[PDB]
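This document contains two forms of one protein chain, each encoded as structure tokens and listed individually as structure 1 and structure 2.
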Structure 1
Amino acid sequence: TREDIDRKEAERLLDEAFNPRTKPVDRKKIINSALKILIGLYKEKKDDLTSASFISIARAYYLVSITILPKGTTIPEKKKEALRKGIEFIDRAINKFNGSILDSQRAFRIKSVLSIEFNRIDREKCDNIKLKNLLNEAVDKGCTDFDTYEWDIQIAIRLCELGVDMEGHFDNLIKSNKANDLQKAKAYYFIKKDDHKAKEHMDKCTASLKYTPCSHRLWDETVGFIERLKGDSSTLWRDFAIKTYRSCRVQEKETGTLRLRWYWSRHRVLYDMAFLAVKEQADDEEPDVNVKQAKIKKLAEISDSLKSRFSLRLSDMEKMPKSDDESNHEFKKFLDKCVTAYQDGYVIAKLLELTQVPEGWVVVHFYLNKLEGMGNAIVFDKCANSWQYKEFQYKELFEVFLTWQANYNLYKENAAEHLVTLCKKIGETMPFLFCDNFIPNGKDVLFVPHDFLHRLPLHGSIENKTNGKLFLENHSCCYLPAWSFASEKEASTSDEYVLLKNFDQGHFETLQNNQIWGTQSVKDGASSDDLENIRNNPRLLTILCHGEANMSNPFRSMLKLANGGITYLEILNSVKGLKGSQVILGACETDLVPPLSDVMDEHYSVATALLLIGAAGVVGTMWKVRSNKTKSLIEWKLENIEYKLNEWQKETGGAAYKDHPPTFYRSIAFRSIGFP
């Protein structure tokens, strides 16, 4: 009969899709062709359709719902649409009774796996009680062939998560080889209350993840199991979080200079649980001080490993163009490895040490922990060789920062009083950076901020007192996006000074009349090809232009030069002659990074691309100031290349916040973004 030929053709196509040898594009073409022929058969035989055809429609919709990649930091509605249509389709299948026993149990198992995936992807629509009733009826029918299908094993593990006791089914669950070690540990913990085999099989699972890519399902289910173990106050999550952190670190080791990582949602909560585990173990009493210092150093290492990369999206990965033909190849092997891992899960200079700092320096790391809603500052002192940490809260500081941001973006120069309020709130919320025990008096401080604290002025903090003293009046401050950007070997050794300039509305004609810029590379009316011709390590490069910020891709933030400007990727590729070069940028940071609407942000400016190239330091502005201030900075740097920036900020009137807030606004806007 021709209907059976069409059905076996559709099943042949679906089993061609099931084989782990096809590419994702071939999978998309095969399953949507099978769905086309099945929907045509539906349109022909609309009410005289058999039940098994509707079952095949639901199975084809499940296979379609597998191969939809998540774009953005949310669940796409195409996946929910496919899941809800396959639920509706299998509902009118199971209301069409009197098939065989195999057809009935197959319909119940398809409905079970659809409800499981739809409950995982959406909570408010599909509650846990409906899942409990549906899976209880499905196991009342008897889908218990644990030696044939893994879907029954998934039903079993989900029911033990819900609470329906299956100690009668325990021997069949353990003896099955298709169930991997994570389901075995979950079965041993959830039913038998035996913890030792659970620890063994969890150790095997975390050992297995060290070669598995991040887009796999096992990462998501492992971190979810760790969070569930944390929620009932067990004693095994403290080891499992550290093991999964070590596995994720050794897996993320395998990337290159294009610092990317796959965006999956439970990355941050894994790092937060690992931080809380090491923090609690450091808070536990230990008579040996070296263990405690090592645990605080491990906290700093966790923070550094989080801050290292910046977690690009998926549509930005597909959207961005191709250049230099080898970074394209590394990007393409990363992308296709990640997508084939995602579908394969469902189808079946040298980096410095944390204590390698110069003498007389104090290093301060930050970590905003979203689970406890706290913020931790970790301090390393080299002269005493000691590690300490302290805590604070970050809600009211976020409110005052958003107030300053709104007032600035409406009235740029006239938000000076909100700037003073923000500096006083930094001084009130974080009082430990004025105490002598936490940070010694007269030492240079390096800040490594991680959150919206990248945008906060830390050097201009005001002490919570009557006659308040600024932070920069006794300390020299430096900044860095992450510790992995720090490098050695400055070695300027040259005396060439280069200028580039594109905008003529700013009055820099007195500056272009100068005599220091006597080399051939200095020109007005710059371009990108004129930027990539810098020959051999100038001592000071000055770029005077505007900035444009792509609000999704940090790779597309551009400096407004002629012939289309130069982007982040072109600075990473084309520019080669800038090793050991101090750079003074005229464009503000607010034009180079987009304004933020969440507590978390990870968007890197062109200054860190200059740091990845090899530059010695970048001195820039946090917000928009007058052109005369940048002119005075460039002149003071040209006459004096050895002097520090905090003396210039103190001398020009950076301590006049109580009487004239415009001078305090124009003074503290300048920031050095490079470590010696």
Structure 2
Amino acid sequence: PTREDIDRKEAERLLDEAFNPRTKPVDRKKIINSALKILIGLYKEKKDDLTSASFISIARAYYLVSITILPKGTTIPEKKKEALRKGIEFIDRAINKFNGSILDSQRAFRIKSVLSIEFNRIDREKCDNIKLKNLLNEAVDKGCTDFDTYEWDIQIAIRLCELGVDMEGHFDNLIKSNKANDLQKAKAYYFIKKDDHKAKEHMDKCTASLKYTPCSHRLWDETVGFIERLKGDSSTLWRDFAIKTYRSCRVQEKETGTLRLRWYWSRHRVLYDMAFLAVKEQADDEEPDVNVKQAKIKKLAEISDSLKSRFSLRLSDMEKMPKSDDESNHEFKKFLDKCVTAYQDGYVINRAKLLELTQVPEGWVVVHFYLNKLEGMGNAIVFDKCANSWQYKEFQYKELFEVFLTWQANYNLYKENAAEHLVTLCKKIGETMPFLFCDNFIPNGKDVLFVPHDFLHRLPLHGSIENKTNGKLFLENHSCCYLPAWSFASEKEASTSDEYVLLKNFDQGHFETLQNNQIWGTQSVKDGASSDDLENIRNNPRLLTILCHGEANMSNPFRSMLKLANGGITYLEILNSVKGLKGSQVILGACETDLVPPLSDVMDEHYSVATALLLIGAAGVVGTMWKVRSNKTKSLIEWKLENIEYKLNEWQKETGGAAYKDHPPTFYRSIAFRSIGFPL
């Protein structure tokens, strides 16, 4: 009708303006909504009718719709899948239309092919390779080779060439066209002419350009997919390609969002695993010099440390965000806006101080752990300061996980009575990693600093049992310390006062001898300490104990709060509030599982409040790994009050905590203590 053409011409302005990246996504979503709602009403008004030319527009607008519906998801969006699935149905009917025009059929087939490419990208069981191959062949048959004006033809040609269809007759115009990026040129060079120099140069240019692209961009996804394809073909370029891409990613990640932030795209774990594998493989060679091998092992440790630093979170958590006055109001909003704009950009237009790994005090041994997911392997890299040497080993972790899960499940039901499975877990730990008890790996009589990985953070590594008839414990011959990451170690000189503080808040008077000692400080709030009462210590004391409860949060680490006689002080609040605990020693009463949530997968990057205390400036924390009785905590507090010049492993050993064979409850109650922090 004469109304149909005018309506289509009016509504096409809004749909063609969608190729303008200037508009913010918050307005892009509403303008595309209007441009889609003007057209969809015609469907329910003119059911079983239309000119078959505005029918393709329903699918074309729907293709651009699944650009803003993708976010606000955790691991996979349920509406991005629906949008393409629905746009397929509204183009299948346009295909069956008998208009017979050449350009209209070409455009309809182009839209169908690109929608099917996206569907196959996000879903394989609903769109196999054979159907995509047939559809792309049909699209090529109609003459969809206008490479000089539309990048959709370039994408179609690249996808067809990656499948196994020879395309020698279009390579010249594919290369000549200026609307092709570096990755497309590299793919064309590699998959057609089997050349290597041009592919290396082009993808090197692409990787260099990638340094200024946020992680929300799809270019990272295409790059990782291409590198995976190269690895699958057993090529040689992937070893350097992975390392260069990892370097670019590490450079780009340093944006300093609240000093600890990420975006959680689907990749960035397989990329790190692939870089680790490439470095290890290129270090496995028999080079005539050992300095290059030492450099390679140091690079492996560097990669592990760079991965272990921060943690990622999802939009559901970074939206439902507790707020403060300084950082949460500005940095979080800026990061959110930057990430969203980056996500909705490439779909419109295509174009303290860190220390040194070798700076440790004499007589110290450092162990780095890494769990490889791409190959299901374990690693352990050690560095000896006196000998200036590096080593590495391997192990399997497929049954240690099951034993740990069994221990956790039994403990969650019978707290004390689950002490029999702790011995089994410790024995399994000792058997799985025998290099700990080897003189050629860790010399006996030294100090060990542990930097574990995801699910190894919850294992009592200091209570391992050697695999023999009369095996002994690890802490008997050594003295262990823990650290979530090497980036948390900072230079610190002990220049503090000599006062003691107390902060007690419990349900029953389990601590009666405590809170009545003469040595306690005058700023103690032993009768119901509150959230702002902790903020009243500013003289840098030497000891501080906080006897209270804890509240666990399952999704947001920033929402876990320390239970006090108030609304409670949270992770963000404890970072933004306490300013007077620098260089001191802290002791917590009894909690390590009241804050971290239970885990179901092999990975976990959650953090407790001990890391928060380490961040404000504390020089060390002492806590109990699981729930115990108040007698042991009170005895430890009194011992720490009496003296501070003695080690913790000596106290554990002299209390008869190494009698796991005789009384498992004694072992359970004794080996629950560990020390956090690195004495610099």
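Rigid core: the largest C-alpha set superposing within 1.5 Å between the two forms. Structure 1 provides the reference sequence; residues are numbered from 1 along it.
Can you tell which of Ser247, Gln183, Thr144, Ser521 moves its Cα by 2 Å or more between structures 1 and 2, with the two forms laid on the rigid core?
Only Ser521 moves by 2 Å or more at its C-alpha.
Just checking, between structures 1 and 2 and with the core aligned, does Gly256 shift 2 Å or more at the CA?
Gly256: C-alpha displaced by 2 Å or more between structures 1 and 2.
Align both forms on the core first, then report whether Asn328 has a C-alpha shift of 2 Å or more between structures 1 and 2.
Indeed, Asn328 is displaced by 2 Å or more.
For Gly620, does the CA position differ by 2 Å or more between structures 1 and 2 when the superposition is done on the rigid core?
Superposed on the core, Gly620 moves its C-alpha less than 2 Å between structures 1 and 2.
Let me know the CA shift of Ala587 between structures 1 and 2 in Å, rounded to one decimal, core fitted.
Displacement of the C-alpha, rigid core superposed: 4.0 Å.
After superposition on the rigid core, what is the displacement of the C-alpha atom of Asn563 between structures 1 and 2, in Å?
So the C-alpha of this residue moves 2.2 Å.
Cα shift of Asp6 between structures 1 and 2 after core superposition, in Å?
Shift of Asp6 at C-alpha, rigid core superposed: 1.9 Å.
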